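**Q** To start, I am sharing the structure in question, which I have written as structure tokens.
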Amino acid sequence: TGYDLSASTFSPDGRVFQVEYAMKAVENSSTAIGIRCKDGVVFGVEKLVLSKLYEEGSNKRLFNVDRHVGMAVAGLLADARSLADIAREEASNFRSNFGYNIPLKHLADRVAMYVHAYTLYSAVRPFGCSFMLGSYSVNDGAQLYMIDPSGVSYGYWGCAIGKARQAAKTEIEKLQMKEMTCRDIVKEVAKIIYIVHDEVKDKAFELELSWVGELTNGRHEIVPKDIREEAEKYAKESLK
Amino acid sequence: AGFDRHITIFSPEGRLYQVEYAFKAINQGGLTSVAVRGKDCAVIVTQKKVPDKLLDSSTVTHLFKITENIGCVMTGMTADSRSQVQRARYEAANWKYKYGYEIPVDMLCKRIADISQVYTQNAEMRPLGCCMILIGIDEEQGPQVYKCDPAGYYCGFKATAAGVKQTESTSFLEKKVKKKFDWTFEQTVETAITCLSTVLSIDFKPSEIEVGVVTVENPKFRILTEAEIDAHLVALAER
Amino acid sequence: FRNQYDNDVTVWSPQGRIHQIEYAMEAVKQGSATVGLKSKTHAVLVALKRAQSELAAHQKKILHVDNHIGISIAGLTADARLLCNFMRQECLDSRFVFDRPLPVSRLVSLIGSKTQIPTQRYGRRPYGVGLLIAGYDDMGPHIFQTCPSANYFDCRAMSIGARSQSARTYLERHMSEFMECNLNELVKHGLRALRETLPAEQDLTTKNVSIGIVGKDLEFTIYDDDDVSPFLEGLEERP
Amino acid sequence: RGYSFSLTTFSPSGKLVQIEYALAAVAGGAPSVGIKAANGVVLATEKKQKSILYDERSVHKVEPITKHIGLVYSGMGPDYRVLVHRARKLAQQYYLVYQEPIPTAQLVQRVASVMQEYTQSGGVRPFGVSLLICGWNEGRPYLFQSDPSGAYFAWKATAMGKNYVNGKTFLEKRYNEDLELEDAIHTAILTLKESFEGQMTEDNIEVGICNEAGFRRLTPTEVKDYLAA
Amino acid sequence: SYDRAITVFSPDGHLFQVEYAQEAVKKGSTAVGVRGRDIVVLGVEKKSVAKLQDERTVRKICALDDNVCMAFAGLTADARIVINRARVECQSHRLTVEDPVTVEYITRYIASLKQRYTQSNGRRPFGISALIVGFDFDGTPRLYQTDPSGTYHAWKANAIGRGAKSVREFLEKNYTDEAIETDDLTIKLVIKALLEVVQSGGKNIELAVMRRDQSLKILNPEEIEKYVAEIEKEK
Amino acid sequence: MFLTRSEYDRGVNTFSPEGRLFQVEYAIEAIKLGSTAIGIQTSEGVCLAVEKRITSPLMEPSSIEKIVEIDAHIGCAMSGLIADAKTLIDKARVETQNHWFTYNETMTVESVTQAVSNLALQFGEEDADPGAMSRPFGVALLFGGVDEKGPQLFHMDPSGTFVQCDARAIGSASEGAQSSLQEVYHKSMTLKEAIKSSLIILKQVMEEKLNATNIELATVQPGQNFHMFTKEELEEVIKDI
Amino acid sequence: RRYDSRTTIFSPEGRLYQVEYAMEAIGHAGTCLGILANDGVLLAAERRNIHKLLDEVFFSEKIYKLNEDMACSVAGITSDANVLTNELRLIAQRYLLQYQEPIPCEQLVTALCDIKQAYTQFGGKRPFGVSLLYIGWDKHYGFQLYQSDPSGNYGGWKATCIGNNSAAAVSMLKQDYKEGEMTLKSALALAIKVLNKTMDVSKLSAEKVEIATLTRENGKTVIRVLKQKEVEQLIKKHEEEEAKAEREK
Amino acid sequence: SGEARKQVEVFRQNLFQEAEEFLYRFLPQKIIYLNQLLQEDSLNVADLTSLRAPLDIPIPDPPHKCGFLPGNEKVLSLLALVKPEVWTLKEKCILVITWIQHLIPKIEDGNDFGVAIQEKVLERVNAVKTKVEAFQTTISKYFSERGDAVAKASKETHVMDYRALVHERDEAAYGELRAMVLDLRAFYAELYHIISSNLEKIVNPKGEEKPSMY
């Protein structure tokens with residue numbers, strides 16, 4: 001069947017398989033979770049340590065796309081770094097022309113349209129990265145948006161991407177995140193990240209946590225190591 | 001075979017199979033959209049299904065505003081749908097800039113549809129798999145409903161449907177137009193909801209349906225609030 | 001069969017893997033091994049060069065991008081020469097524009113972006129050179145490896161090339177000692193780690209080992225055939 | 001075999017198959033009939049619609065390129081609009097350069113040249129619509145057909161679309177060169193009647209007439225009168 | 001497998017499409033060149049009159065410029081393009097360096113054009129091999145040959161085209177300093193050689209001579225008749 | 001048990017399972033189709049020798065040009081497709097000249113090889129320029145010259161890799177000639193010994209008996225510029241064999 | 001296997017099949033015949049189109065006047081022909097603008113043939129599938145007839161026929177044409193005789209043939225398409241002449 | 001030669017009329033007739049034991065050629081009903097196969113879609129032919145097998161498996177006759193369905209002459 005070879009092609013039943021195949025790529029990558037609470041958005045990534053040789057605090061999967069917005073990526077990392085660059089360029093342009101920090105909903109849309117373009121043409125493959133963007137602005141509020149390789153963009157109160165997406169969603173679902181405050185959520189994100197990690201299949205993980213909110217004064221920033229350490233302890237204790 | 005697999009190649013019987021395959025994609029979404037034109041109002045209703053509780057309900061919509069007075073419901077692949085909406089919004093503004101008056105709905109469908117033919121004739125791109133239904137009020141011709149399909153066909157209809165149950169939906173609507181009674185705003189909305197509900201057998205609650213209306217009295221496209229949708233839904237059940 | 005899905009970088013496999021990129025990654029294994037390690041004050045690259053014939057000279061495995069940055073190539077030499085030129089020009093550009101040595105990390109990001117474009121677009125093959133980049137910048141000594149896949153990693157130490165697992169193994173066991181090591185000790189540790197990659201009959205010689213050292217006070221220098229003699233003499237005998 | 005897929009490949013036997021396949025698309029198209037009377041040319045086509053829901057006023061199969069030239073099509077509908085727009089544009093370019101309405105023969109040569117261009121490149125697909133172009137220039141009626149191949153022929157009368165072969169035979173039997181348009185429009189409705197496969201109604205058929213006055217589409221009421229015969 | 005694209009190289013490093021274009025030259029009409037001490041003679045076989053066909057239009061031997069003449073074997077149309085392009089260059093060199101083109105410069109230019117066509121897919125190699133005869137400023141006679149590949153070599157005498165193998169063998173045995181001693185003898189050698197491969201007699205050979213400063217002269221059919229007669233009589 | 005499927009060989013820009021980029025490898029095989037060329041670098045100078053492979057007596061021997069002068073200091077012996085060599089010899093000639101214009105100095109043999117190599121590397125569709133051959137070049141060049149570092153011989157291959165070689169043979173009999181070269185080469189040999197040794201190796205590899213016409217020999221001793229032995233000089237050396 | 005696609009691949013045996021395939025197409029086309037006579041040159045073509053409901057609005061379906069001094073007839077894909085005829089008319093007008101003299105006949109043919117060769121050499125375009133006969137008077141070589149092929153190879157022929165049953169026509173012409181003795185009147189007769197044999201229809205309709213003659217009168221070339229009455233007379237004269245030979249037999 | 005074409009065209013015109021007639025009348029009528037047989041009680045016997053036919057071979061015991069052993073009458077009467085039916089289907093299929101083969105068009109490079117519709121149908125008709133031909137063979141084998149088994153039983157009166165085989169062979173034939181009528185009914189139906197749905201291409205594969213591009 002030659003229907004799946006290209007994204008230009010459409011299968012007789014109407015499905016563009018190459019895009020679906022690209023979505024399977026994200027499942028290969030490790031889980032990453034983002035939860036939006038009233039104060040702001042907290043993102044967490046379980047970063048597998050493949051080798052002791054690799055430096056800690058490197059191979060980051062959480063990128064700052066602009067002062068007010070942060071991106072967590074899952075999927076082929078190379079594409080993600082490139083998508084992050086597209087996002088940063090778009091953010092700069094919105095500031096340069098419209099003169100203010102990009103509204104996140106718009107940013108998601110512009111990046112999504114770029115991602116969708118790859119879906120239509122046959123020369124370029126669909127991007128293999130699924131990413132989440134989050135920002136807190138006093139006027140806009142706290143916003144978490146996730147973009148699939150298809151280019152579908154939607155706003156999620158809580159969201160997960162990666163190998164354990166289904167399992168994580170069940171845990172995230174029992175959180176009542178809207179009421180919860182940002183500091184409490186960081187502990188909760190860690191608990192979920194620890195629960196989903198499979199020790200047998202994956203030897204070890206370093207939790208990378210980032211947050212944007214009133215506490216960060218609307219700047220996406222890596223969680224201070226004191227806060228991260230406290231959370232990692234809370235998580236191991238909860239794992240029992 | 002091999003007659004399918006490229007939009008450009010024509011089948012030995014001249015059927016351009018890839019374009020037909022795209023129309024199948026609209027159905028793969030699993031959602032249906034119904035539009036009915038009243039004497040003074042045009043309404044578009046679509047099924048809103050939220051897959052996960054986590055997703056914010058506000059973000060998920062198939063109803064978009066091309067311009068202040070034109071509204072569209074796009075059924076098909078979600079990503080392709082957003083792409084067409086942007087082109088429509090760009091085209092709508094470009095008309096105001098160049099010609100100085102708001103684009104007539106028919107001309108927006110014509111431009112959007114013509115763009116689709118280019119995709120159908122050029123080899124590299126794939127026909128976008130989405131169908132857009134536009135509702136607007138033209139002062140000269142009153143309310144207007146137009147649908148553009150992935151082929152580039154742009155017919156305007158008194159009432160139409162797109163999606164999994166389109167054929168069934170069309171039959172229900174056809175019976176209602178044949179017994180013409182004209183439609184007041186309430187009836188136009190009621191007919192739309194009854195049609196979507198009957199074909200899907202859903203017995204809808206306010207959350208599952210998104211309804212958008214354009215009226216001669218208030219020409220601007222408005223997406224009705226859940227309460228407004230509930231009021232019409234309650235009336236349908238009461239009578 | 002699955003012969004399909006492997007022809008081009010633009011085709012995603014049914015299970016989410018782009019095979020050509022993986023095939024490109026295999027190219028680094030074909031090349032001779034190179035080991036890079038770092039100490040708080042210095043970064044060292046050591047390489048095992050190979051020769052076509054006794055009469056022929058050993059190939060260059062370590063190349064100088066700039067005073068603060070140097071690279072060791074494992075894989076197709078051609079891709080390396082091309083990437084090195086891009087890197088050299090990017091560094092020269094920073095000095096002309098900002099009069100600052102380019103942060104080593106920033107250069108690796110640029111090499112990644114250039115490297116990724118071949119992966120997503122039909123046309124150029126993915127670069128099949130694996131590069132170890134070493135430099136001292138204000139942040140400190142840095143050792144980074146770049147895969148034929150554009151992904152790049154920051155490493156305390158790394159060996160890329162044929163039989164490089166053996167070197168990675170030695171490096172992991174003796175890794176803690178490296179941070180406080182003196183330059184002679186650090187190059188010595190590295191020469192031993194690459195020795196593991198060598199076949200048992202073969203031995204490190206002045207001819208096949210190239211050492212490149214960059215540090216706060218040392219501009220990247222590639223000690224070559226007769227200048228590796230000081231570092232090699234102190235080494236012991238095969239375990 | 002291999003010859004069938006490419007458009008730039010002549011088959012052994014020197015046939016460009018994709019063009020032949022393209023003509024097949026026109027054959028599947030709704031019946032269209034054109035008769036050139038002495039006083040005028042009548043273009044008529046079936047506009048059968050799947051449902052009462054469709055609003056007929058919205059789209060017209062018979063369209064006016066210029067005041068005196070009008071065309072009807074059989075084939076892929078999206079394609080007709082592209083050609084019509086290019087045609088309307090090509091005519092306006094003639095007016096600007098020569099400040100005279102374009103002779104019909106000239107437009108058909110120009111529209112056909114556009115069609116041939118689409119045929120040459122591999123990337124594009126041949127247009128799948130054939131156009132019947134009718135015009136009154138220099139006090140003389142003219143009818144022309146342009147096929148997807150890029151070839152224009154001049155027909156006193158012809159039918160394109162489903163049952164074209166049978167339609168042409170009926171027309172050859174019923175065609176008189178001295179026919180006046182009022183009689184001719186009747187002949188055309190009869191030709192379409194042969195293959196309608198449904199009760200013809202004013203809405204089901206669209207008809208257009210070209211004369212000294214220029215191309216006009218008979219409105220539904222006028223056709224109802226002609227159908228009453 | 002490895003014969004469908006010019007760019008692809010076969011396992012064994014043979015570029016097949018270029019070799020196949022050389023086969024095309026073999027199907028073409030024979031041509032022979034002999035570098036005499038003071039005259040260069042280029043002779044080509046004529047396939048047939050066809051009776052109702054004017055012969056002026058069909059000319060294998062052409063003058064690239066005053067001092068350079070070319071004969072071709074291979075697809076006829078391609079030759080007309082190469083000949084024309086060479087003529088533009090001859091005149092362009094005269095514009096750029098004010099000096100008449102040397103025979104080799106024209107050979108190198110013609111060769112580069114052909115190589116350019118072989119180098120990229122999307123263009124087909126010109127299926128022509130040519131014999132370029134010319135006299136240089138020193139006045140040494142020069143004969144060069146070119147092939148669809150783009151290799152140019154200088155030959156004291158050579159034959160391209162159908163039957164080239166047979167004539168070249170005849171030339172190898174027949175060619176000697178003694179044969180080139182007389183300008184008539186040189187014309188006779190080419191005629192004798194073409195006779196070996198031409199099915200008919202003198203009626204089917206078109207021959208031309210370029211002298212030290214004289215322009216190319218296509219010998220009149222009668223002059224050819226005289227030469228064939230002298231050769232036949234001597235036989 | 002034969003698995004001969006291949007299917008990744010055709011088309012450059014395709015990496016085989018095992019990452020081998022076979023089209024380039026096949027190009028390296030092409031140089032084997034070419035006539036053998038042997039270069040020996042000695043302190044006295046670098047000597048280059050090639051087998052003409054003359055098909056017919058009528059072809060003029062001078063025209064076959066497998067040894068050419070890039071500049072007085074550097075010369076090249078090429079084996080492989082003659083045509084692609086002509087382009088590579090030309091890039092080299094222009095680059096040596098461009099260096100004189102820009103820097104008023106003579107390019108070292110290594111830089112000139114790097115320069116031609118850069119052109120060879122472009123076959124990968126590395127650049128967007130239309131005028132770049134898609135196929136890897138099918139020629140291998142041995143570049144020998146006297147520079148600041150003294151006599152040097154660099155060998156370049158269709159891949160574009162270049163390396164200094166004390167002695168190398170490129171061509172049909174390169175395997176075997178190289179083996180013999182390994183045994184004969186000693187760093188101390190004078191050019192006179194090398195010329196004799198190289199011609200002895202060529203006589204063994206060449207099918208035809210060695211004659212002045214069938215071989216081309218050149219030397220670039222430090223004082224002298226590239227010199228091509230004339231038939232008379234060649235006759236004297238061949239007689240010594 | 002298949003060395004016959006893409007027009008740029010020489011087959012083992014060096015044959016460009018796509019051009020050969022194109023030449024096959026001309027064979028299906030309606031026969032066109034040109035005869036060169038001392039007084040004038042004539043082009044006669046068989047209008048294959050015979051559908052009753054077709055109109056003769058144009059000056060000719062298959063004879064086109066490229067320039068004041070030359071004309072052409074086309075056999076092959078009609079659409080391709082329209083492109084070439086437009087080009088020929090432009091090429092000629094360009095020569096007149098530049099040199100202010102009429103284009104020599106061979107040159108117009110050589111230039112179109114060059115466009116035709118290019119389409120064969122470059123990869124994307126199909127070789128043009130038309131073969132056309134050009135008739136013209138040039139000061140240099142007087143009256144000339146040239147035939148072109150999809151290959152881009154052109155030739156000068158005293159008489160030739162392109163299209164269906166071309167071979168039969170050439171054979172008839174080979175015996176019948178008298179070199180140096182032809183006059184337009186005799187040639188028009190030769191044309192009717194050859195056309196009658198080649199065409200399947202027993203009687204030339206006189207609406208199934210188009211005959212156009214180029215003659216220089218008063219120092220200006222005149223290309224005239226013979227009107228139907230003139231052709232009908234020619235057919236009658238031939239019918240009678242052949243019948244008289246049969247009556248003698 | 002024209003005369004030759006005329007006679008063959010007559011054969012074709014006869015084949016076309018007969019084939020059309022067969023599709024329009026014989027095939028539908030036969031589907032009803034064969035279904036009637038399946039419904040008939042004789043082919044729907046509830047207890048196969050009733051079908052058992054007596055084998056009067058002396059059973060051996062510790063202290064002549066067997067009396068004539070007749071074939072199961074029930075099976076023979078059924079076979080007599082089935083054997084004519086099998087033959088008509090084979091003949092009617094052969095008429096259809098010839099008609100399609102006659103209609104196959106002059107081999108040409110393009111427009112081979114119609115040729116394919118015919119070729120696909122020919123595959124079904126070929127498959128049906130092999131299945132039906134096999135049915136004719138089974139009828140012959142049953143008589144020979146029952147006979148050989150009966151002979152073996154008489155020669156070796158002691159072995160009782162030989163006796164069981166004869167009874168078993170008969171029961172098997174009964175099961176197979178029911179299946180064969182069911183298959184013939186289905187085969188008549190399938191040919192009507194494929195030919196009816198694909199008739200336009202099968203009768204006119206190339207289609208009507210296209211507009212001239214020359």
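Residue numbers start at 1 in each chain; chains themselves are named A, B, ... in the order of the structure tokens; ligands are numbered from 1 in the order shown.
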As number ranges by chain, please: every residue in region 116-152 of chain G that DSSP puts in alpha helix (DSSP H).

**A** G: 116-121

**Q** With a distance threshold of 12 Å and counting only C-alpha atoms, extract the residues of chain B near chain A and express them as a ChimeraX atom specification.

**A** /B:1-8,17-29,50-62,76-87,119-120,122-130

**Q** List as number ranges by chain the protein and nucleic acid residues near residue 135 (chain B), meaning an atom at most 7 Å away when only C-alpha atoms are counted, but skip any in the same chain fewer than 4 places from it.

**A** B: 42, 70-72, 144-146, 214

**Q** Next, dump the selected residues to file, keeping only C-alpha atoms, as an mmCIF file, in the first residue's frame.

**A**
```
data_model
loop_
_atom_site.group_PDB
_atom_site.id
_atom_site.type_symbol
_atom_site.label_atom_id
_atom_site.label_comp_id
_atom_site.auth_asym_id
_atom_site.auth_seq_id
_atom_site.Cartn_x
_atom_site.Cartn_y
_atom_site.Cartn_z
ATOM 1 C CA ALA B 42 -28.744 32.113 9.194
ATOM 2 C CA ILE B 70 -19.252 36.647 8.259
ATOM 3 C CA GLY B 71 -19.048 33.456 10.340
ATOM 4 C CA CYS B 72 -17.801 29.994 9.334
ATOM 5 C CA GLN B 144 -26.680 33.689 2.722
ATOM 6 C CA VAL B 145 -25.190 30.178 3.397
ATOM 7 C CA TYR B 146 -22.330 28.856 1.207
ATOM 8 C CA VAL B 214 -26.263 36.041 11.965
#
```

**Q** So that each row is one residue of chain F with an atom at most 10 Å from chain C, can you give its shortest atom pair and the distance in Å to one decimal, using only C-alpha atoms, rows by chain and rising number, as CSV?

**A**
```
residue,atom,partner,partner_atom,distance
F:7,CA,C:3,CA,8.7
F:8,CA,C:7,CA,7.6
F:11,CA,C:7,CA,9.9
F:12,CA,C:125,CA,8.0
F:13,CA,C:125,CA,4.3
F:14,CA,C:125,CA,6.3
F:15,CA,C:23,CA,5.9
F:16,CA,C:23,CA,6.4
F:17,CA,C:23,CA,5.2
F:18,CA,C:26,CA,5.6
F:19,CA,C:27,CA,4.5
F:20,CA,C:27,CA,6.8
F:21,CA,C:27,CA,8.9
F:40,CA,C:55,CA,9.9
F:117,CA,C:78,CA,9.1
F:118,CA,C:82,CA,8.6
F:120,CA,C:78,CA,9.3
F:121,CA,C:78,CA,6.1
F:122,CA,C:78,CA,9.1
F:124,CA,C:124,CA,7.2
F:125,CA,C:124,CA,6.2
F:126,CA,C:124,CA,6.8
F:127,CA,C:124,CA,9.2
F:128,CA,C:124,CA,9.8
F:153,CA,C:56,CA,9.9
F:154,CA,C:56,CA,9.1
F:155,CA,C:56,CA,9.0
F:159,CA,C:78,CA,7.2
F:160,CA,C:78,CA,6.8
F:161,CA,C:77,CA,6.9
F:162,CA,C:59,CA,8.5
F:163,CA,C:57,CA,6.3
F:164,CA,C:57,CA,5.6
F:165,CA,C:56,CA,4.1
F:166,CA,C:55,CA,5.3
F:167,CA,C:55,CA,5.9
F:168,CA,C:55,CA,7.4
F:178,CA,C:53,CA,8.6
F:179,CA,C:53,CA,9.4
F:181,CA,C:55,CA,8.6
F:182,CA,C:55,CA,6.8
F:185,CA,C:55,CA,8.3
F:186,CA,C:55,CA,9.7
F:187,CA,C:55,CA,9.7
```

**Q** For those residues, write C-alpha atoms to a file as an mmCIF file, in the first residue's frame.

**A**
```cif
data_model
loop_
_atom_site.group_PDB
_atom_site.id
_atom_site.type_symbol
_atom_site.label_atom_id
_atom_site.label_comp_id
_atom_site.auth_asym_id
_atom_site.auth_seq_id
_atom_site.Cartn_x
_atom_site.Cartn_y
_atom_site.Cartn_z
ATOM 1 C CA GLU F 7 18.873 -1.069 -3.360
ATOM 2 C CA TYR F 8 20.658 1.704 -1.414
ATOM 3 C CA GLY F 11 21.352 7.643 -5.655
ATOM 4 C CA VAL F 12 23.854 9.728 -3.696
ATOM 5 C CA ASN F 13 22.249 11.384 -0.653
ATOM 6 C CA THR F 14 21.212 7.896 0.528
ATOM 7 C CA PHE F 15 22.929 6.257 3.537
ATOM 8 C CA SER F 16 22.923 2.459 3.406
ATOM 9 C CA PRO F 17 21.953 0.476 6.485
ATOM 10 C CA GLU F 18 25.541 0.494 7.936
ATOM 11 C CA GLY F 19 25.990 4.117 6.797
ATOM 12 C CA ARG F 20 28.141 3.442 3.770
ATOM 13 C CA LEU F 21 27.095 6.039 1.121
ATOM 14 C CA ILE F 40 57.518 8.921 -5.302
ATOM 15 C CA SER F 117 39.172 18.820 -2.739
ATOM 16 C CA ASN F 118 36.682 21.485 -1.751
ATOM 17 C CA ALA F 120 35.101 17.515 -5.139
ATOM 18 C CA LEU F 121 33.228 17.573 -1.809
ATOM 19 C CA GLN F 122 30.470 19.713 -3.430
ATOM 20 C CA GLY F 124 26.998 15.884 -2.304
ATOM 21 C CA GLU F 125 24.640 18.715 -3.343
ATOM 22 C CA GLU F 126 26.250 20.521 -0.399
ATOM 23 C CA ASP F 127 25.645 23.941 -2.076
ATOM 24 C CA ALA F 128 22.478 25.301 -3.732
ATOM 25 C CA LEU F 153 53.189 14.466 -2.788
ATOM 26 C CA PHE F 154 49.503 14.591 -1.829
ATOM 27 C CA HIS F 155 46.925 12.075 -3.175
ATOM 28 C CA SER F 159 35.612 11.361 -1.863
ATOM 29 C CA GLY F 160 37.698 14.529 -1.710
ATOM 30 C CA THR F 161 39.945 13.298 1.075
ATOM 31 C CA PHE F 162 43.600 14.238 0.530
ATOM 32 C CA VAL F 163 46.686 12.911 2.356
ATOM 33 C CA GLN F 164 50.443 13.283 1.943
ATOM 34 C CA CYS F 165 51.911 10.019 0.672
ATOM 35 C CA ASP F 166 55.655 9.260 0.444
ATOM 36 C CA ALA F 167 54.781 7.025 -2.515
ATOM 37 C CA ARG F 168 51.335 6.189 -3.923
ATOM 38 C CA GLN F 178 51.483 -0.200 -3.987
ATOM 39 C CA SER F 179 52.730 -3.483 -2.564
ATOM 40 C CA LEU F 181 56.269 0.395 -3.836
ATOM 41 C CA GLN F 182 56.151 -0.487 -0.154
ATOM 42 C CA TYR F 185 60.585 2.823 -1.074
ATOM 43 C CA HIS F 186 63.222 3.965 1.415
ATOM 44 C CA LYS F 187 63.113 7.598 2.589
#
```

**Q** Pull out every residue of chain G that has at least one atom within 7 Å of chain D, counting only C-alpha atoms, and report them as a PyMOL selection string.

**A** chain G and resi 5-6+18+21-22+24-25+53-55+78-79+124-126

**Q** Take the residues from that selection and put them in a file with C-alpha atoms, as a JSON list (two decimals), in the first residue's frame.

**A**
```
[["chain", "number", "residue", "atom", "x", "y", "z"],
["G", 5, "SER", "CA", 10.52, 7.24, -20.78],
["G", 6, "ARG", "CA", 11.83, 10.76, -19.88],
["G", 18, "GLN", "CA", 10.44, 9.11, -26.80],
["G", 21, "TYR", "CA", 7.26, 7.45, -30.30],
["G", 22, "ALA", "CA", 6.39, 11.06, -31.15],
["G", 24, "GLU", "CA", 4.51, 7.64, -34.67],
["G", 25, "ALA", "CA", 1.84, 10.21, -33.79],
["G", 53, "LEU", "CA", -21.71, 19.91, -38.12],
["G", 54, "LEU", "CA", -18.31, 21.70, -38.45],
["G", 55, "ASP", "CA", -17.89, 25.25, -39.86],
["G", 78, "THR", "CA", -3.04, 20.17, -33.12],
["G", 79, "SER", "CA", -2.38, 21.90, -29.82],
["G", 124, "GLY", "CA", 10.74, 18.06, -18.27],
["G", 125, "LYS", "CA", 9.08, 18.84, -21.64],
["G", 126, "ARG", "CA", 7.65, 16.22, -24.08]]
```

**Q** Pull out every residue of chain E that has at least one atom within 7 Å of chain G, counting only C-alpha atoms, and report them as a PyMOL selection string.

**A** chain E and resi 4+17+20-21+23-24+52-54+57-58+76-77+122-124

**Q** Could you name the residues that touch residue 26 (chain F) at 8 Å or less, counting only C-alpha atoms, but leaving out those on the same chain fewer than 6 positions away, as a PyMOL selection string?

**A** chain E and resi 9-13

**Q** Put those residues in a file: N, CA, C and O atoms, as a compact mmCIF listing (two decimals), in the first residue's frame.

**A**
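Output file result_38.txt is given in full below:
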```txt
# COMPACT_ATOMS: atom_id res chain seq x y z
N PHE E 9 26.62 6.04 -10.80
CA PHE E 9 27.85 5.33 -11.19
C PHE E 9 27.58 3.86 -10.92
O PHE E 9 26.98 3.57 -9.89
N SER E 10 27.97 2.98 -11.83
CA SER E 10 27.69 1.53 -11.69
C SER E 10 28.63 0.94 -10.67
O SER E 10 29.68 1.52 -10.46
N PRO E 11 28.31 -0.20 -10.04
CA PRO E 11 29.28 -0.83 -9.20
C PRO E 11 30.27 -1.08 -10.33
O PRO E 11 29.80 -1.48 -11.35
N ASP E 12 31.57 -0.88 -10.10
CA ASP E 12 32.61 -1.00 -11.16
C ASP E 12 32.85 0.37 -11.79
O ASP E 12 33.67 0.44 -12.68
N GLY E 13 32.15 1.40 -11.33
CA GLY E 13 32.44 2.77 -11.78
C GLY E 13 32.30 3.01 -13.26
O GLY E 13 33.16 3.69 -13.83
```

**Q** Looking only at the backbone, which of the residues in region 2-231 of chain E does DSSP tag as strand (DSSP E or B), as a ChimeraX atom specification?

**A** /E:31-35,40-45,53-54,61-63,68-74,123,128-135,141-146,152-155,157-160,205-210,217-218

**Q** So the first atom is CA of residue 214 (chain A) and the second is CA of residue 40 (chain A); what is the distance between them in Å, to one decimal place?

**A** 6.5 Å

**Q** List as a Markdown table every residue of chain B that is in contact with chain H, defined as an atom at most 10 Å from one of its atoms (using only C-alpha atoms), together with the nearest atom pair and the distance in Å rounded to one decimal, sorted by chain and then rising number.

**A**
```
| residue | atom | partner | partner_atom | distance |
| --- | --- | --- | --- | --- |
| B:1 | CA | H:113 | CA | 9.5 |
| B:11 | CA | H:113 | CA | 9.5 |
| B:12 | CA | H:113 | CA | 6.5 |
| B:13 | CA | H:113 | CA | 8.3 |
```

**Q** Would you give me, as a tab-separated table, each residue of chain F having an atom within 6 Å of an atom of chain E, along with its shortest atom pair and that distance in Å to one decimal, using only C-alpha atoms and sorting by chain and residue number?

**A**
```
residue	atom	partner	partner_atom	distance
F:26	CA	E:11	CA	5.4
F:27	CA	E:13	CA	5.4
F:29	CA	E:13	CA	5.5
F:30	CA	E:13	CA	4.0
F:58	CA	E:156	CA	5.2
F:59	CA	E:155	CA	4.0
F:60	CA	E:155	CA	5.2
F:63	CA	E:153	CA	5.6
F:83	CA	E:151	CA	5.9
F:133	CA	E:119	CA	5.5
F:135	CA	E:7	CA	4.9
```
